Amino acid sequence: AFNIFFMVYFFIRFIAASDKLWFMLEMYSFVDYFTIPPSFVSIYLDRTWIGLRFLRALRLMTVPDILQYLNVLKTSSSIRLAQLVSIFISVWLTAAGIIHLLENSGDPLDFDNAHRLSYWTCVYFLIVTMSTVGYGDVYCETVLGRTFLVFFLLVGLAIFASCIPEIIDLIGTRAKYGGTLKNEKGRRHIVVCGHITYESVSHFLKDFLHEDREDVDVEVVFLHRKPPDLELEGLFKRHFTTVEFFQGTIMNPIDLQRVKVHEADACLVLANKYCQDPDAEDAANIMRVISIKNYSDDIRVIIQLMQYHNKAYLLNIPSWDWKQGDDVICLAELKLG
Amino acid sequence: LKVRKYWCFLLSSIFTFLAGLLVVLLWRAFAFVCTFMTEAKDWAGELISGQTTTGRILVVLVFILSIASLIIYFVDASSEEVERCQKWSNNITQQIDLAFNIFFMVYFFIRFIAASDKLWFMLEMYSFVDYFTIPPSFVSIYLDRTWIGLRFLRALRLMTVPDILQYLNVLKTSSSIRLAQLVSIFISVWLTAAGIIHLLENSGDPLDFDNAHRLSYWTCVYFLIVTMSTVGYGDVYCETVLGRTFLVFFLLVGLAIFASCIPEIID
Ligand SMILES: [K+]
Ligand SMILES: [K+]
């Protein structure tokens with residue numbers, strides 16, 4: 001009865017097929033031609049067999065398509081991985097049906113070397129074959145069945161090594177720096193932004209995390225746009241308990257939320273001493289303070305400034321208060337002073 | 001074995017596991033429209049954020065004795081019987097496992113009483129194991145019969161072992177800690193899966209209860225070590241239908257898990 005409105009269902013595909021010839025070998029139509037006549041088989045001789053109806057498992061490859069219709073998996077990335085698992089299950093199940101048929105029926109010549117195998121065993125047979133484990137407790141005995149194992153392993157390995165090594169490998173790779181800063185009860189921390197290099201961070205960490213400093217625990221959060229290099233990565237490893245790095249920009253409001261600016265005690269901005277244009281570096285550093293002050297008014301900001309004449313620009317910020325704790329460290333004025 | 005009795009033992013595990021599903025979800029959300037607070041601050045440091053003695057002392061007695069609980073589980077794991085009956089008065093180890101769990105099932109209370117998340121804490125990995133092992137403690141007290149149980153899940157406590165190593169400063173470097181993490185899950189998953197294999201094979205299928213193959217825990221660990229390496233000697237293999245279903249699932253999820261983190265961080 002299910003096939004009654006399925007073999008007329010194929011008619012609507014065949015009646016108005018755009019390609020009258022290329023539609024002959026289409027994957028979904030190919031299965032039906034081997035399953036529709038079996039429907040007529042059980043009506044003229046009163047005898048039914050296992051048949052090729054196990055090929056209906058190939059309809060599972062359309063299952064992810066309906067999931068798009070129901071909006072279960074809206075993202076395209078999830079759809080692509082949902083595709084591959086659909087063929088994997090469909091191929092695994094339809095091959096077990098072939099194994100079940102090629103073993104229980106037996107060879108057409110002698111019809112005596114038939115081994116009783118269950119479909120629950122056939123799926124267990126192939127799952128350990130694909131994993132290349134090979135327990136050997138269950139194995140194929142029919143000559144025709146043995147020929148399939150030789151072919152299907154050969155075509156299966158080639159198919160496995162044709163798409164998975166190129167598209168599955170891309171999905172696995174992901175970034176290692178990111179995510180919201182971990183929160184702790186009674187956690188005091190500061191945010192350091194600006195120029196983040198080895199010989200600049202190390203000097204600051206020597207004094208801030210000094211050996212003889214009396215016991216106060218303040219975490220240090222570094223927010224730099226570029227990922228750290230190997231020279232600086234080792235420095236963070238030696239201070240893993242008190243120093244954490246996050247990839248982002250202090251100018252991005254989203255990245256400000258990631259480092260929990262409003263929870264920070266103070267914000268520190270470092271200046272690039274080796275810059276061709278000190279005025280350009282100072283302008284960028286000052287503009288970082290504006291972003292921090294815009295996000296939170298009552299935040300303490302300490303900035304390294306290259307030139308003395310750029311101090312006046314920081315006074316133009318309405319939220320900049322020297323009495324509240326904001327302070328400017330001018331390298332040129334202090335060094336030559 | 002007169003009649004099956006592990007079904008109600010698991011039902012008791014089901015009762016307590018689903019008890020949190022009912023006692024918590026029915027009461028928490030009613031107070032929004034219109035002690036717990038003090039002890040939570042201590043418990044956060046008493047269990048997790050302990051530096052010198054608030055957390056370390058409590059942590060030491062939960063994983064060392066869990067390993068001891070695993071050790072005393074091995075002596076009954078090596079036993080041929082899966083559900084044996086014995087007088088629980090003065091056995092060699094029947095008193096200790098219950099006694100160890102006596103201050104473990106009230107230990108879970110301090111986690112549950114002052115849990116920051118009343119609902120999200122239901123499925124946490126360490127709390128998930130207890131809900132399937134705490135009611136088994138009550139199992140052996142009302143019918144005088146003890147079985148293999150789900151106490152093999154205590155092997156998942158080995159994933160906390162590297163955390164204590166940080167407390168004792170055995171592995172100071174962060175790089176050594178990261179690799180020490182991965183080996184901890186690898187051993188914990190390997191041992192806990194062997195316990196499932198031991199239970200799914202010795203107990204047998206619930207329907208017929210005749211196709212049960214005698215397998216030892218020493219054999220089960222050897223069974224999976226060659227399966228993970230994809231060698232497959234075949235000298236030992238699973239015969240139970242339920243056990244065979246696990247091999248199909250665990251290889252599939254194991255290969256996906258193996259190919260999800262090792263290729264990116266181990267490399
Ligand atoms: K093999
Ligand atoms: K093998």
# chains A, B, ... in the order shown; residues from 1 in each chain; ligands from 1
>>> residues_around(residues="stretch 143-146 of chain B", least_positions_apart="4", cutoff="7 Å", atoms="only C-alpha atoms", output="number ranges by chain")
B: 83-88
>>> write_last_selection(atoms="N, CA and C atoms", output="PDB file, in the first residue's frame")
ATOM      1  N   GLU B  83      25.641 -10.874  40.694  1.00  0.00           N
ATOM      2  CA  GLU B  83      24.710 -10.479  41.759  1.00  0.00           C
ATOM      3  C   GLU B  83      24.772 -11.569  42.830  1.00  0.00           C
ATOM      4  N   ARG B  84      25.609 -11.354  43.840  1.00  0.00           N
ATOM      5  CA  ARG B  84      25.835 -12.331  44.893  1.00  0.00           C
ATOM      6  C   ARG B  84      25.175 -11.883  46.191  1.00  0.00           C
ATOM      7  N   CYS B  85      24.811 -12.859  47.016  1.00  0.00           N
ATOM      8  CA  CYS B  85      24.173 -12.617  48.304  1.00  0.00           C
ATOM      9  C   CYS B  85      25.127 -13.009  49.423  1.00  0.00           C
ATOM     10  N   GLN B  86      25.270 -12.129  50.412  1.00  0.00           N
ATOM     11  CA  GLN B  86      26.158 -12.384  51.537  1.00  0.00           C
ATOM     12  C   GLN B  86      25.697 -11.552  52.723  1.00  0.00           C
ATOM     13  N   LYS B  87      25.994 -12.044  53.925  1.00  0.00           N
ATOM     14  CA  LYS B  87      25.658 -11.327  55.150  1.00  0.00           C
ATOM     15  C   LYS B  87      26.566 -10.112  55.284  1.00  0.00           C
ATOM     16  N   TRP B  88      25.982  -8.917  55.205  1.00  0.00           N
ATOM     17  CA  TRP B  88      26.733  -7.667  55.194  1.00  0.00           C
ATOM     18  C   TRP B  88      27.166  -7.215  56.584  1.00  0.00           C
TER      19      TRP B  88
END
>>> residues_near_ligand(ligand="ligand 1", cutoff="8 Å", atoms="only C-alpha atoms and all ligand atoms", output="JSON, numbers by chain")
{"A": [132, 133, 134, 135], "B": [230, 231, 232, 233]}
>>> write_last_selection(atoms="N, CA, C and O atoms", output="CSV table (one decimal), in the first residue's frame")
chain,number,residue,atom,x,y,z
A,132,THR,N,38.6,-0.8,10.7
A,132,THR,CA,39.8,-1.6,10.5
A,132,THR,C,40.2,-2.3,11.8
A,132,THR,O,41.4,-2.4,12.1
A,133,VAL,N,39.2,-2.8,12.5
A,133,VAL,CA,39.5,-3.6,13.7
A,133,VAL,C,39.5,-5.1,13.4
A,133,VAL,O,40.5,-5.7,13.7
A,134,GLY,N,38.4,-5.6,12.9
A,134,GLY,CA,38.4,-7.0,12.4
A,134,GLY,C,38.5,-8.0,13.5
A,134,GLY,O,39.5,-8.7,13.6
A,135,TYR,N,37.5,-8.1,14.3
A,135,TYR,CA,37.5,-9.1,15.4
A,135,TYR,C,37.5,-10.5,14.8
A,135,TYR,O,38.2,-11.4,15.4
B,230,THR,N,43.0,-0.4,17.1
B,230,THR,CA,42.6,-1.0,15.8
B,230,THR,C,43.4,-2.2,15.4
B,230,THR,O,43.7,-2.4,14.2
B,231,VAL,N,43.7,-3.1,16.4
B,231,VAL,CA,44.4,-4.3,16.1
B,231,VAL,C,43.5,-5.5,15.9
B,231,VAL,O,43.4,-6.1,14.9
B,232,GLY,N,42.6,-5.7,17.0
B,232,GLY,CA,41.6,-6.7,16.9
B,232,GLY,C,42.1,-8.1,16.7
B,232,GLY,O,41.9,-8.8,15.7
B,233,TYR,N,42.7,-8.7,17.8
B,233,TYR,CA,43.1,-10.1,17.8
B,233,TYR,C,42.0,-11.0,17.6
B,233,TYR,O,42.1,-12.0,16.9
>>> interface_residues(of="chain B", to="chain A", cutoff="10 Å", atoms="only C-alpha atoms", output="VMD selection string")
chain B and resid 41 44 to 45 49 172 to 175 226 to 239 241 244 to 249 251 to 252 255 259 to 261 263 to 265
>>> residues_around(residues="stretch 273-277 of chain A", least_positions_apart="2", cutoff="9 Å", atoms="only C-alpha atoms", output="ChimeraX atom specification")
/A:195,271,279-282,306,331
>>> write_last_selection(atoms="N, CA, C and O atoms", output="PDB file, in the first residue's frame")
ATOM      1  N   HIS A 195      50.637  48.455  22.642  1.00  0.00           N
ATOM      2  CA  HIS A 195      51.775  47.746  22.067  1.00  0.00           C
ATOM      3  C   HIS A 195      52.136  46.586  22.985  1.00  0.00           C
ATOM      4  O   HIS A 195      52.556  46.796  24.128  1.00  0.00           O
ATOM      5  N   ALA A 271      52.704  52.208  24.824  1.00  0.00           N
ATOM      6  CA  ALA A 271      53.056  52.928  23.611  1.00  0.00           C
ATOM      7  C   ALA A 271      54.206  52.239  22.892  1.00  0.00           C
ATOM      8  O   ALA A 271      55.105  51.671  23.519  1.00  0.00           O
ATOM      9  N   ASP A 279      53.654  61.263  16.680  1.00  0.00           N
ATOM     10  CA  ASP A 279      52.356  61.929  16.723  1.00  0.00           C
ATOM     11  C   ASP A 279      51.233  60.982  16.321  1.00  0.00           C
ATOM     12  O   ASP A 279      50.157  60.993  16.931  1.00  0.00           O
ATOM     13  N   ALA A 280      51.458  60.165  15.291  1.00  0.00           N
ATOM     14  CA  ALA A 280      50.448  59.196  14.880  1.00  0.00           C
ATOM     15  C   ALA A 280      50.217  58.148  15.960  1.00  0.00           C
ATOM     16  O   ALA A 280      49.075  57.750  16.214  1.00  0.00           O
ATOM     17  N   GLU A 281      51.291  57.681  16.599  1.00  0.00           N
ATOM     18  CA  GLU A 281      51.146  56.705  17.674  1.00  0.00           C
ATOM     19  C   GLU A 281      50.400  57.299  18.861  1.00  0.00           C
ATOM     20  O   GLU A 281      49.557  56.630  19.471  1.00  0.00           O
ATOM     21  N   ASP A 282      50.700  58.553  19.207  1.00  0.00           N
ATOM     22  CA  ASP A 282      50.017  59.200  20.321  1.00  0.00           C
ATOM     23  C   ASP A 282      48.533  59.377  20.032  1.00  0.00           C
ATOM     24  O   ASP A 282      47.692  59.176  20.915  1.00  0.00           O
ATOM     25  N   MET A 306      53.980  59.357  23.913  1.00  0.00           N
ATOM     26  CA  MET A 306      55.301  59.542  23.319  1.00  0.00           C
ATOM     27  C   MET A 306      55.785  60.982  23.454  1.00  0.00           C
ATOM     28  O   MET A 306      56.942  61.225  23.813  1.00  0.00           O
ATOM     29  N   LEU A 331      56.914  59.483  28.069  1.00  0.00           N
ATOM     30  CA  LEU A 331      58.251  58.908  27.978  1.00  0.00           C
ATOM     31  C   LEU A 331      59.299  59.973  27.681  1.00  0.00           C
ATOM     32  O   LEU A 331      60.379  59.970  28.280  1.00  0.00           O
TER      33      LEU A 331
END
>>> residues_around(residues="residue B:138", least_positions_apart="4", cutoff="12 Å", atoms="only C-alpha atoms", output="list in words")
residues 8, 9, 10, 12, 13, 16, 97, 98, 99, 101, 102, 105, 131, 132, 133, 134, 142, 143, 144, 145, 146 and 149 of chain B
>>> write_last_selection(atoms="N, CA and C atoms", output="mmCIF file, in the first residue's frame")
data_model
loop_
_atom_site.group_PDB
_atom_site.id
_atom_site.type_symbol
_atom_site.label_atom_id
_atom_site.label_comp_id
_atom_site.auth_asym_id
_atom_site.auth_seq_id
_atom_site.Cartn_x
_atom_site.Cartn_y
_atom_site.Cartn_z
ATOM 1 N N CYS B 8 14.916 -2.613 39.720
ATOM 2 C CA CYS B 8 14.542 -1.702 40.793
ATOM 3 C C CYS B 8 15.752 -1.016 41.410
ATOM 4 N N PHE B 9 16.924 -1.651 41.361
ATOM 5 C CA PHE B 9 18.149 -0.981 41.783
ATOM 6 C C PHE B 9 18.447 0.208 40.878
ATOM 7 N N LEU B 10 18.292 0.022 39.565
ATOM 8 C CA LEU B 10 18.414 1.140 38.638
ATOM 9 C C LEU B 10 17.227 2.087 38.753
ATOM 10 N N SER B 12 15.722 2.767 41.552
ATOM 11 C CA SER B 12 16.128 3.601 42.678
ATOM 12 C C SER B 12 17.137 4.652 42.235
ATOM 13 N N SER B 13 18.083 4.263 41.377
ATOM 14 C CA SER B 13 18.963 5.247 40.755
ATOM 15 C C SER B 13 18.170 6.205 39.877
ATOM 16 N N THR B 16 16.165 8.744 42.254
ATOM 17 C CA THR B 16 16.953 9.858 42.769
ATOM 18 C C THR B 16 17.437 10.771 41.649
ATOM 19 N N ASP B 97 32.913 0.253 51.790
ATOM 20 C CA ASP B 97 32.367 0.950 50.628
ATOM 21 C C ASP B 97 31.126 1.752 50.997
ATOM 22 N N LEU B 98 30.246 1.176 51.820
ATOM 23 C CA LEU B 98 29.118 1.941 52.339
ATOM 24 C C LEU B 98 29.592 3.066 53.250
ATOM 25 N N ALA B 99 30.563 2.779 54.123
ATOM 26 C CA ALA B 99 31.074 3.804 55.032
ATOM 27 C C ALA B 99 31.737 4.941 54.267
ATOM 28 N N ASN B 101 30.949 5.872 51.259
ATOM 29 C CA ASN B 101 29.848 6.600 50.646
ATOM 30 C C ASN B 101 28.972 7.323 51.662
ATOM 31 N N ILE B 102 29.082 6.992 52.952
ATOM 32 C CA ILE B 102 28.282 7.679 53.964
ATOM 33 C C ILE B 102 28.637 9.161 54.005
ATOM 34 N N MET B 105 27.743 10.844 50.178
ATOM 35 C CA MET B 105 26.397 11.247 49.796
ATOM 36 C C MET B 105 25.880 12.406 50.636
ATOM 37 N N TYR B 131 24.569 10.428 41.002
ATOM 38 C CA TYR B 131 23.154 10.068 40.963
ATOM 39 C C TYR B 131 22.958 8.620 40.530
ATOM 40 N N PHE B 132 23.915 8.067 39.782
ATOM 41 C CA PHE B 132 23.848 6.663 39.400
ATOM 42 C C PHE B 132 24.605 5.750 40.357
ATOM 43 N N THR B 133 25.272 6.299 41.371
ATOM 44 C CA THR B 133 26.015 5.501 42.337
ATOM 45 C C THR B 133 25.551 5.675 43.775
ATOM 46 N N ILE B 134 24.970 6.824 44.130
ATOM 47 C CA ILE B 134 24.480 7.011 45.498
ATOM 48 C C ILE B 134 23.330 6.065 45.837
ATOM 49 N N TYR B 142 18.754 -2.783 52.293
ATOM 50 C CA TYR B 142 17.367 -3.169 52.513
ATOM 51 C C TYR B 142 17.023 -4.556 51.987
ATOM 52 N N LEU B 143 17.935 -5.218 51.273
ATOM 53 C CA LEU B 143 17.654 -6.557 50.768
ATOM 54 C C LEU B 143 18.833 -7.511 50.927
ATOM 55 N N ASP B 144 19.921 -7.083 51.566
ATOM 56 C CA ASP B 144 21.072 -7.914 51.909
ATOM 57 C C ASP B 144 21.793 -8.480 50.690
ATOM 58 N N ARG B 145 21.484 -7.994 49.491
ATOM 59 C CA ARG B 145 22.102 -8.478 48.264
ATOM 60 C C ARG B 145 22.792 -7.324 47.553
ATOM 61 N N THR B 146 24.045 -7.536 47.164
ATOM 62 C CA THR B 146 24.812 -6.555 46.416
ATOM 63 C C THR B 146 25.256 -7.155 45.089
ATOM 64 N N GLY B 149 26.926 -3.413 40.279
ATOM 65 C CA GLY B 149 26.555 -2.018 40.395
ATOM 66 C C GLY B 149 27.145 -1.126 39.325
#
>>> select_by_dssp(residues="stretch 248-331 of chain A", states="helix (DSSP H, G or I)", output="ChimeraX atom specification")
/A:253-258,261-263,278-295,308-315,331
>>> residues_around(residues="stretch 326-330 of chain A", least_positions_apart="2", cutoff="9 Å", atoms="only C-alpha atoms", output="number ranges by chain")
A: 299-308, 311, 314, 320-324, 332-335
>>> write_last_selection(atoms="N, CA, C and O atoms", output="tab-separated table (two decimals), in the first residue's frame")
chain	number	residue	atom	x	y	z
A	299	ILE	N	36.28	54.56	35.11
A	299	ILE	CA	37.39	53.63	34.95
A	299	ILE	C	38.70	54.40	35.02
A	299	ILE	O	38.80	55.51	34.50
A	300	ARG	N	39.68	53.82	35.71
A	300	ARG	CA	40.99	54.44	35.85
A	300	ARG	C	41.87	54.03	34.67
A	300	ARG	O	42.05	52.84	34.41
A	301	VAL	N	42.41	55.02	33.97
A	301	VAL	CA	43.21	54.79	32.77
A	301	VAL	C	44.58	55.42	32.98
A	301	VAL	O	44.68	56.59	33.39
A	302	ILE	N	45.63	54.65	32.72
A	302	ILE	CA	47.00	55.14	32.73
A	302	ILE	C	47.59	54.86	31.36
A	302	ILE	O	47.57	53.71	30.90
A	303	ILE	N	48.12	55.89	30.71
A	303	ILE	CA	48.54	55.81	29.32
A	303	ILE	C	49.99	56.25	29.19
A	303	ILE	O	50.43	57.20	29.85
A	304	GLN	N	50.74	55.53	28.37
A	304	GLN	CA	52.08	55.94	27.96
A	304	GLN	C	51.97	56.83	26.73
A	304	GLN	O	51.37	56.44	25.73
A	305	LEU	N	52.54	58.03	26.81
A	305	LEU	CA	52.43	59.02	25.76
A	305	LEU	C	53.83	59.35	25.24
A	305	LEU	O	54.75	59.58	26.03
A	306	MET	N	53.98	59.36	23.91
A	306	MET	CA	55.30	59.54	23.32
A	306	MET	C	55.78	60.98	23.45
A	306	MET	O	56.94	61.23	23.81
A	307	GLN	N	54.92	61.95	23.17
A	307	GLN	CA	55.31	63.35	23.12
A	307	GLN	C	54.57	64.15	24.18
A	307	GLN	O	53.43	63.85	24.53
A	308	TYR	N	55.24	65.19	24.67
A	308	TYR	CA	54.67	66.01	25.74
A	308	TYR	C	53.54	66.89	25.22
A	308	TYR	O	52.55	67.12	25.93
A	311	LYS	N	49.77	65.89	25.44
A	311	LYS	CA	49.04	65.78	26.70
A	311	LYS	C	47.77	66.61	26.70
A	311	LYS	O	46.81	66.27	27.40
A	314	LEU	N	44.42	64.81	25.75
A	314	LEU	CA	43.78	64.01	26.79
A	314	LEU	C	42.93	64.87	27.71
A	314	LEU	O	41.96	64.38	28.30
A	320	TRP	N	38.00	62.48	31.51
A	320	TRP	CA	39.36	62.39	32.01
A	320	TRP	C	39.49	63.25	33.26
A	320	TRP	O	39.40	64.48	33.19
A	321	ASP	N	39.70	62.61	34.41
A	321	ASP	CA	39.85	63.31	35.68
A	321	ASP	C	41.16	62.88	36.32
A	321	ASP	O	41.35	61.69	36.60
A	322	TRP	N	42.05	63.84	36.56
A	322	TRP	CA	43.31	63.53	37.21
A	322	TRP	C	43.11	63.15	38.67
A	322	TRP	O	43.83	62.29	39.20
A	323	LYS	N	42.14	63.77	39.34
A	323	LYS	CA	41.90	63.47	40.75
A	323	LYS	C	41.29	62.09	40.94
A	323	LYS	O	41.47	61.47	41.99
A	324	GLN	N	40.55	61.60	39.94
A	324	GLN	CA	39.93	60.29	40.07
A	324	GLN	C	40.94	59.16	39.97
A	324	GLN	O	40.70	58.06	40.50
A	332	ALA	N	59.00	60.89	26.76
A	332	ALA	CA	59.97	61.92	26.40
A	332	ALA	C	60.28	62.83	27.58
A	332	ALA	O	61.44	63.17	27.83
A	333	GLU	N	59.25	63.23	28.33
A	333	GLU	CA	59.46	64.14	29.45
A	333	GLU	C	60.20	63.44	30.59
A	333	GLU	O	61.09	64.03	31.21
A	334	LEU	N	59.84	62.19	30.88
A	334	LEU	CA	60.46	61.49	32.01
A	334	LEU	C	61.88	61.05	31.68
A	334	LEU	O	62.77	61.15	32.54
A	335	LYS	N	62.11	60.56	30.47
A	335	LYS	CA	63.44	60.07	30.12
A	335	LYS	C	64.46	61.20	30.12
A	335	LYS	O	65.52	61.10	30.75
>>> atom_distance(atom1="atom CA of residue B:195", atom2="atom CA of residue B:216")
9.8 Å
>>> select_by_dssp(residues="stretch 38-224 of chain B", states="strand (DSSP E or B)", output="JSON, numbers by chain")
{"B": [83, 84, 85, 145, 146, 147]}
>>> residues_around(residues="residue A:249", least_positions_apart="4", cutoff="12 Å", atoms="only C-alpha atoms", output="ChimeraX atom specification")
/A:178,191-196,222-227,253-259,288,291-292
>>> write_last_selection(atoms="C-alpha atoms", output="JSON list (two decimals), in the first residue's frame")
[["chain", "number", "residue", "atom", "x", "y", "z"],
["A", 178, "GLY", "CA", 39.28, 34.05, 22.22],
["A", 191, "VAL", "CA", 43.46, 45.31, 31.36],
["A", 192, "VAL", "CA", 46.63, 46.05, 29.39],
["A", 193, "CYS", "CA", 46.24, 47.18, 25.77],
["A", 194, "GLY", "CA", 48.30, 48.90, 23.10],
["A", 195, "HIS", "CA", 51.77, 47.75, 22.07],
["A", 196, "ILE", "CA", 52.23, 44.16, 23.26],
["A", 222, "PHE", "CA", 46.34, 41.44, 27.77],
["A", 223, "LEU", "CA", 44.16, 42.43, 24.80],
["A", 224, "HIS", "CA", 46.08, 42.62, 21.52],
["A", 225, "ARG", "CA", 44.81, 42.42, 17.96],
["A", 226, "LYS", "CA", 47.61, 40.14, 16.75],
["A", 227, "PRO", "CA", 48.25, 36.66, 18.17],
["A", 253, "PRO", "CA", 32.84, 47.33, 22.14],
["A", 254, "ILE", "CA", 32.33, 43.57, 21.82],
["A", 255, "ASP", "CA", 35.94, 42.91, 22.84],
["A", 256, "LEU", "CA", 35.52, 45.33, 25.74],
["A", 257, "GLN", "CA", 32.75, 43.10, 27.11],
["A", 258, "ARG", "CA", 34.94, 40.01, 26.67],
["A", 259, "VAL", "CA", 37.68, 41.36, 28.97],
["A", 288, "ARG", "CA", 41.96, 54.12, 22.68],
["A", 291, "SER", "CA", 36.80, 54.14, 23.63],
["A", 292, "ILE", "CA", 37.49, 52.92, 27.17]]
>>> residues_around(residues="stretch 161-163 of chain B", least_positions_apart="4", cutoff="12 Å", atoms="only C-alpha atoms", output="VMD selection string")
chain B and resid 48 to 50 55 to 56 59 to 60 62 to 64 66 to 67 155 to 157 167 to 172 174 176 to 185 187 to 188
>>> write_last_selection(atoms="N, CA and C atoms", output="compact mmCIF listing (two decimals), in the first residue's frame")
# COMPACT_ATOMS: atom_id res chain seq x y z
N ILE B 48 36.21 24.29 45.63
CA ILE B 48 36.85 24.62 44.35
C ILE B 48 38.00 25.59 44.56
N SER B 49 37.71 26.76 45.14
CA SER B 49 38.67 27.86 45.20
C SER B 49 39.55 27.81 46.45
N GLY B 50 39.76 26.63 47.03
CA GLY B 50 40.62 26.53 48.19
C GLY B 50 42.08 26.68 47.81
N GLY B 55 39.92 24.33 50.68
CA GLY B 55 39.50 23.46 49.60
C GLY B 55 40.35 22.22 49.44
N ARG B 56 41.66 22.35 49.67
CA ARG B 56 42.57 21.23 49.45
C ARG B 56 42.25 20.06 50.37
N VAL B 59 39.22 18.38 49.16
CA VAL B 59 39.45 17.75 47.87
C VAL B 59 40.25 16.45 48.03
N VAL B 60 41.21 16.44 48.96
CA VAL B 60 42.06 15.26 49.12
C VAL B 60 41.23 14.04 49.51
N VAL B 62 38.17 13.24 48.77
CA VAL B 62 37.08 12.84 47.89
C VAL B 62 37.59 12.03 46.71
N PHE B 63 38.85 12.26 46.31
CA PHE B 63 39.40 11.52 45.17
C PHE B 63 40.33 10.39 45.60
N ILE B 64 41.08 10.56 46.69
CA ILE B 64 41.90 9.47 47.20
C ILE B 64 41.03 8.31 47.64
N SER B 66 37.92 7.84 46.67
CA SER B 66 37.28 7.33 45.46
C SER B 66 38.17 6.31 44.76
N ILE B 67 39.48 6.59 44.70
CA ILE B 67 40.43 5.60 44.21
C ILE B 67 40.42 4.38 45.12
N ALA B 155 35.59 5.63 38.34
CA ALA B 155 36.84 5.84 37.62
C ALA B 155 36.89 7.19 36.93
N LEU B 156 35.73 7.83 36.72
CA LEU B 156 35.72 9.17 36.15
C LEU B 156 36.29 10.21 37.10
N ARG B 157 36.44 9.87 38.39
CA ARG B 157 37.10 10.76 39.33
C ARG B 157 38.59 10.90 39.06
N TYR B 167 47.92 21.46 43.02
CA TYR B 167 47.93 21.89 44.42
C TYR B 167 49.24 21.51 45.10
N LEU B 168 49.74 20.31 44.81
CA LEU B 168 51.00 19.84 45.39
C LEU B 168 52.22 20.34 44.63
N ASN B 169 52.01 21.11 43.56
CA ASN B 169 53.10 21.68 42.76
C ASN B 169 54.00 20.59 42.17
N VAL B 170 53.43 19.42 41.88
CA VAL B 170 54.20 18.37 41.22
C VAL B 170 54.53 18.77 39.79
N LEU B 171 53.56 19.32 39.07
CA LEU B 171 53.73 19.79 37.70
C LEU B 171 53.48 21.30 37.70
N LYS B 172 54.55 22.08 37.87
CA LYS B 172 54.40 23.53 37.95
C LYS B 172 54.12 24.14 36.58
N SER B 174 52.75 24.97 32.90
CA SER B 174 51.43 24.84 32.29
C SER B 174 51.44 23.84 31.13
N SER B 176 53.12 21.04 30.88
CA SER B 176 52.99 19.69 31.43
C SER B 176 51.58 19.43 31.94
N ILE B 177 50.90 20.46 32.45
CA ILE B 177 49.53 20.29 32.93
C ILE B 177 48.60 19.94 31.78
N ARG B 178 48.76 20.63 30.64
CA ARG B 178 47.87 20.40 29.50
C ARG B 178 47.98 18.97 28.99
N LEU B 179 49.20 18.44 28.88
CA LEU B 179 49.35 17.05 28.47
C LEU B 179 48.93 16.09 29.57
N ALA B 180 49.10 16.49 30.83
CA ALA B 180 48.62 15.65 31.93
C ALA B 180 47.10 15.58 31.96
N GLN B 181 46.42 16.61 31.45
CA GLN B 181 44.97 16.56 31.35
C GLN B 181 44.52 15.46 30.40
N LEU B 182 45.08 15.44 29.19
CA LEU B 182 44.59 14.54 28.15
C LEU B 182 44.77 13.08 28.55
N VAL B 183 45.91 12.74 29.15
CA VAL B 183 46.14 11.37 29.59
C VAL B 183 45.17 10.97 30.70
N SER B 184 44.64 11.94 31.45
CA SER B 184 43.71 11.62 32.53
C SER B 184 42.35 11.19 31.99
N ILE B 185 41.82 11.92 31.01
CA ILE B 185 40.57 11.50 30.38
C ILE B 185 40.76 10.19 29.62
N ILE B 187 42.74 7.63 30.29
CA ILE B 187 42.69 6.51 31.22
C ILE B 187 41.29 6.38 31.82
N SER B 188 40.68 7.51 32.20
CA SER B 188 39.36 7.46 32.82
C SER B 188 38.32 6.89 31.86
>>> atom_distance(atom1="atom CA of residue A:95", atom2="atom CA of residue A:163")
19.3 Å
>>> atom_distance(atom1="atom CA of residue A:51", atom2="atom CA of residue A:5")
19.1 Å
>>> closest_atom_pairs(of="stretch 46-134 of chain A", to="stretch 13-29 of chain A", cutoff="10 Å", atoms="only C-alpha atoms", output="Markdown table")
| residue | atom | partner | partner_atom | distance |
| --- | --- | --- | --- | --- |
| A:55 | CA | A:28 | CA | 10.0 |
| A:56 | CA | A:28 | CA | 9.3 |
| A:58 | CA | A:28 | CA | 7.8 |
| A:59 | CA | A:28 | CA | 7.5 |
| A:61 | CA | A:28 | CA | 9.7 |
| A:62 | CA | A:28 | CA | 9.6 |
